[PDB]
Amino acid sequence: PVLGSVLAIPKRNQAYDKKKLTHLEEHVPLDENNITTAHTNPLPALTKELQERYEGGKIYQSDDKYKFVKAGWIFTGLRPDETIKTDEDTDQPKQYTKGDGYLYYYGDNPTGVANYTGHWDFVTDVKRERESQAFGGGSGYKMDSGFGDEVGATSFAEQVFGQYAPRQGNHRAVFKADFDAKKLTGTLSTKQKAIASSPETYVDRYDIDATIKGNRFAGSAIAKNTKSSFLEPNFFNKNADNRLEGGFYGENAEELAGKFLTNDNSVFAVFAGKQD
């Protein structure tokens, strides 16, 4: 599914029917048709979008710390305590978390054995109720409130201690490129650290298993847990079997970046890495 780059959106939920005792929307899955493709650096465009739709809104975005490659997010909002309600004089009344965002990956100048290290970001689907006393939100999942049930949960919303706001650098990516065997492996993990005294610990979320062909590579993201319960809730229980794609950018495969979307449209992730 070969690109320069792609781009998606964080999704939102809704509201309640006080006369049929049902919620207007229970589940918002991701849709691979909403994945816009990029033929140039998409950030100008997105920044402009959010500037126009959210006029004096402060924009947060990922740090640009690769040379050829970009991967991350960019958003305004998204403070779930702050809602926007429309159409309450009708039959489909609405209530969406105010603000909007985008997840992206892009590369400029596409292209033995080499090793890469970098990062990944993600946005999940959104469900009011995920595990069952029930929730689908942001504490059982170590997410900020509202993330997972009102907005799609995100990297920057996953909680590490003493970091606030949109967070960064808590999602590690590691890659091994065998250009001889034509294989591309690696692991994406998350930094957990509970309190001040706590060690910075890492939990593996996804292994990677891709075939390389040209400057491009494609294959699978494999979930390391596959188990979600009420006491062990987990956004990351499904693979993206044959649903991961990416490429090497730089004249000597100096960097790499790509994306994958899970089997049940439950996690969309982007990743980037660069040599050691």
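So that there is no doubt, residue numbering starts at 1 and follows the sequence shown.
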Original post:
What size is the break between residue 86 and residue 87 in terms of deposited sequence residues left without coordinates: none, 1 to 3, 4 to 9, or 10 or more?
Top reply: none
Original post:
According to the entry, are there none, 1 to 3, 4 to 9, or 10 or more residues of the deposited sequence without coordinates between residue 111 and residue 112?
Top reply: 4 to 9
Original post:
Taking only the CA atoms, which stretch has the higher mean B-factor in the record, 178 to 186 or 201 to 209?
Top reply: 178 to 186
**OP:** State which stretch shows the higher mean Cα B factor in the entry: 245 to 253 or 47 to 55.
**Re:** 245 to 253
Subject >> Ranked C-alpha temperature factor of residue 62 among modelled chain residues, by third >> reply: lowest
Original post:
With respect to C-alpha B-factor, does residue 103 fall in the lowest, middle or highest third of the chain as deposited?
Top reply: middle
**OP:** Would you mind ranking residue 69 by its C-alpha B-factor against the rest of the chain and naming the third, lowest, middle or highest?
**Re:** middle
**OP:** Classify residue 29 as lowest, middle or highest third according to the C-alpha B-factor given in the PDB entry, relative to its own chain.
**Re:** lowest
**OP:** Would you check the entry's CA temperature factor for residue 131 and let me know if it's in the chain's lowest, middle or highest third?
**Re:** highest
